[PDB]
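Listed next as structure tokens is one chain, alone, in the form deposited in one PDB entry.
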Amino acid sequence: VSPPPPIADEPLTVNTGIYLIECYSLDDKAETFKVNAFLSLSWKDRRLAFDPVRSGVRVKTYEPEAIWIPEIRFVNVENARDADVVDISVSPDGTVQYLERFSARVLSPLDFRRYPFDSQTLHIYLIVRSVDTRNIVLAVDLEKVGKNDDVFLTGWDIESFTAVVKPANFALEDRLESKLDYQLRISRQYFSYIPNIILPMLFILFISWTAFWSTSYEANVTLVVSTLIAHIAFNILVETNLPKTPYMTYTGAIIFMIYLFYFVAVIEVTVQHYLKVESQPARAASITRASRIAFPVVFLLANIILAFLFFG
């Protein structure tokens, strides 16, 4: 039908609010996730009001087809949402209440630069279609914004869920004042990563570092190269969960540094054996005794530098 008359001079306001029910399947490679929530809606329409004389219930219902309901669209969704109209009730004072239940698939960016200890924010954008007669603006009601007690994400924990009235849509066609942003702040659960990833890597490195206490060339070669193979194998477990990020990461820096340390250890073993063959054992002993202390200290300093760089 027709929109409400613009006889009222003030712009038409459509209050809004989303109530989350569940969020699931947050893919990391395509950075896409799904939602299932309640979409509430309300606006004032003085054209179709109600008087208490008809009945004392003070409540009347209507149909989706007979009453003009403004069209609200989602910006970043793969496909249009699935609408299931629930209930509408018209107060005697003209205010209407509109409900819907929808499910969607949302595209949002993710920043994996502190991958084990990162926090992400997921956005949902709302726009409206301007009507010919009057002016349509949006608003947020803090009462209709919330999340259920049974919202869970596998591996994450939800922190909060708010909204803003930002009318700052990128200018395309007369919609540069009719946007809305909903923010979902989440954090990753990182405790399981310690005993599953970090400590075995340190154990393998320390195993390979025992070559500085022996002078047998064959045993040193076996130790170092076999531990290198074990490190390459452990990279497979490191990779089977972490995404295929085409950019720098904390874990990537750690792995590259580990490769560098293995190379330097091989060089040290080679030079020690070569010096010992040339009837210069004192220099070889001095070099290996220096390396015994040099290696862990440099490893710890590089760890500290990297941690300060990425988290500060």
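Numbering starts at 1 and follows the sequence shown. Note that the rigid core is defined as the largest set of C-alphas that superpose within 1.5 Å between two forms.
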Unmodelled in at least a third of other entries of this protein, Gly56: yes
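Although not depicted, the form deposited in another entry is the subject of the following passage.
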Position that moves between this form and the one not shown after core superposition, taken from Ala211, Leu228, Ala163, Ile186, with Cα shift of 2 Å or more: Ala163
Core-aligned C-alpha movement of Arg114 between this form and the one not shown reaching 2 Å: no
C-alpha of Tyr62 moved at least 2 Å between this form and the one not shown on rigid core: yes
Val53 C-alpha moves between this form and the one not shown by 2 Å or more, core aligned: yes
Shift in CA distance, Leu180 and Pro64, in that other deposited form relative to the form shown here, given it is 3 Å or more: farther
Cα distance between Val165 and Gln120, which in that other deposited form differs by 3 Å or more from this form, closer or farther: closer
